[PDB]
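Structure, as structure tokens:
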Amino acid sequence: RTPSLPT
Amino acid sequence: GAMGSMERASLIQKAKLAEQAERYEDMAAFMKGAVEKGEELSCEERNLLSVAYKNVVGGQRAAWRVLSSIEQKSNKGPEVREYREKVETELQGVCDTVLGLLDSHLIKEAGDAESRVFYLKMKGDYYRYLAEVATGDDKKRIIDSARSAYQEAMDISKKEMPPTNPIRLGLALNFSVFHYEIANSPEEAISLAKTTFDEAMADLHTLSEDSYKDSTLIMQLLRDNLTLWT
Ligand SMILES: *Cc1ccc(-n2c(-c3cccnc3)nc3ccccc32)cc1Br
């Protein structure tokens, strides 16, 4: 899965 | 709810403490309590809400993926499926709680672009998480709900925010992920990431050093995805 915005 | 007797300011203070203690379930419960006080949230408060639930659901999603992978390799008794279902239901419940807070009544009271875009982005993200685990009759509607929320957020951000605004950038990053991972639209994903990157690059000259650091961080995440997808 591709990375979304991290925290 | 259970936080009904605690002062709003105490809930926010305790959310910050829970963040420091890496107690994200507590953090989320404190922020839910704060939202349920009925007042609008500040920028800092919106970010506390986001951090808390992203950490909670992030753990759940990671567990679901581990279990789903095992289940698929098994296809043995019903246990793997049962436990995957248990984690799935708990994840769905967290998503439903967040969606509930946005609908009752964060989005309807959010008039400024920064707040309204932030909440619609969150709405897109949590429908996206629901989509990741959906299989039944409502899967297409779930995907469309994510899409609709992200699209409204994008339309406002394009009208009201500069191309370097971190919220605008993070929204584009996550909508591009939606297209690639959920909507089976890799070309749309790539286009959105590249147009967002390029328009931001051209506006960096307007920024302070601190703003520049924020914007370029998110731009690098866009670039990282483009590198992975091409
Ligand atoms: C979805 C999302 C996007 C952007 C950030 N965020 C912000 C920010 C600025 C103004 C208001 N809210 C958030 N600043 C950031 C710097 C670095 C990385 C991300 C940043 C947060 C979220 Br949840």
Side-chain angles (χ1 to χ4, degrees), chain A, chain B residues 12 15-16 18-19 24 27-28 30-32 34-35 40-59 61 94-95 97-99 101-102 106-107 109-130 146-182 189 192-193 195-197 199-201 203-204 206-225:
Chain A
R1 224 95 172 122
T2 306
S4 59
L5 187 76
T7 60
Chain B
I12 296 298
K16 289 166 186 186
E19 187 184 20
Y24 296 108
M27 195 186 177
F30 294 138
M31 290 311 301
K32 176 178 189 291
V35 172
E40 298 187 27
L41 303 189
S42 70
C43 184
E44 185 176 1
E45 297 163 356
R46 287 189 298 264
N47 278 283
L48 291 166
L49 178 73
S50 175
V51 169
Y53 280 107
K54 278 302 174 77
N55 277 275
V56 172
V57 75
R61 293 163 65 208
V94 172
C95 292
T97 293
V98 172
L99 291 167
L101 299 170
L102 296 170
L106 288 171
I107 286 171
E109 298 289 356
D112 293 358
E114 316 91 82
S115 60
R116 190 173 186 80
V117 174
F118 190 99
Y119 296 133
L120 287 166
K121 176 190 170 189
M122 285 187 56
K123 183 175 175 167
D125 287 343
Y126 285 86
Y127 276 111
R128 173 159 62 79
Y129 306 153
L130 291 173
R147 182 201 60 67
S148 178
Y150 286 133
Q151 189 61 62
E152 189 178 343
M154 287 288 307
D155 293 346
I156 299 164
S157 70
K158 285 191 166 200
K159 282 178 186 193
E160 300 296 349
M161 287 167 164
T164 49
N165 179 277
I167 302 171
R168 182 169 165 180
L169 294 175
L171 161 64
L173 182 69
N174 283 7
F175 195 18
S176 73
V177 168
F178 167 85
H179 290 305
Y180 194 86
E181 289 297 348
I182 310 299
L192 176 58
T195 291
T196 302
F197 183 98
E199 291 178 7
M201 176 73 42
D203 185 61
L204 289 175
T206 66
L207 304 181
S208 73
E209 181 180 348
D210 283 3
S211 295
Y212 182 91
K213 166 173 131 48
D214 294 344
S215 294
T216 61
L217 185 155
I218 304 165
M219 288 170 67
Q220 182 65 51
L221 303 176
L222 292 163
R223 172 63 51 203
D224 289 345
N225 288 353

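Just so it is clear: chains get the letters A, B, ... in the order the sequence lines come, proteins before strands, and each one is counted from 1. Atoms within each ligand, like the ligands themselves, are counted from 1 in listed order.
- Relative orientation of the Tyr129(B) and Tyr126(B) rings is perpendicular, given thresholds of 30° and 60° on the angle between their planes.
- The distance from ligand 1 to the heavy atoms of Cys43(B) drops below 4.0 Å at these ligand atoms: 11 (C), 12 (N).
- Nearest protein heavy-atom contact of atom 21 (C) of ligand 1 is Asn47(B) OD1, 3.7 Å.
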Q: Applying salt bridge (charged side-chain N to carboxylate O under 4.0 Å, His left out), run through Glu160(B) and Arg116(B) and close with a yes or a no.
A: CA-CA 11 Å; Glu160(B) 300 296 349; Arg116(B) 190 173 186 80; over 6 Å; no
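- For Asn165(B) (side chain) and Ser157(B) (main-chain N/O), no donor-acceptor pair under 3.5 Å exists by modelled atom type.
- Taking atom 19 (C) of ligand 1 as the reference point, the nearest protein heavy-atom neighbour is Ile218(B) CD1, 3.9 Å.
- Less than 4.0 angstrom separates some heavy atom of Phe118(B) from each of these atoms of ligand 1: 23 (Br).
- Considering only non-hydrogen protein atoms, atom 23 (Br) of ligand 1 sits nearest to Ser50(B) OG, 3.3 Å.
- Proximity annotation for atom 14 (N) of ligand 1: of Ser215(B), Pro166(B), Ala172(B), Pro166(B) comes nearest, heavy atoms only.
- Atom numbering of ligand 1 starts at 1 in the shown order; those under 4.0 Å from a heavy atom of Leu5(A) are 1 (C), 2 (C), 3 (C), 22 (C).
- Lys213(B) and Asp210(B) are not joined by a salt bridge, as no carboxylate oxygen comes within less than 4.0 angstrom of a charged side-chain nitrogen.
- Residues passing the ring pair (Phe, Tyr, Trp, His ring centres under 6.0 Å) test with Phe30(B): none are found, sequence neighbours excluded.
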Q: Please assess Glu199(B) against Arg168(B) for the test salt bridge (charged side-chain N to carboxylate O under 4.0 Å, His left out), listing each intermediate value before the final yes or no.
A: CA-CA 11 Å; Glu199(B) 291 178 7; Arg168(B) 182 169 165 180; 3.7 Å; yes
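- In terms of protein heavy-atom proximity, atom 1 (C) of ligand 1 is nearest to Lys121(B) NZ, 1.4 Å.
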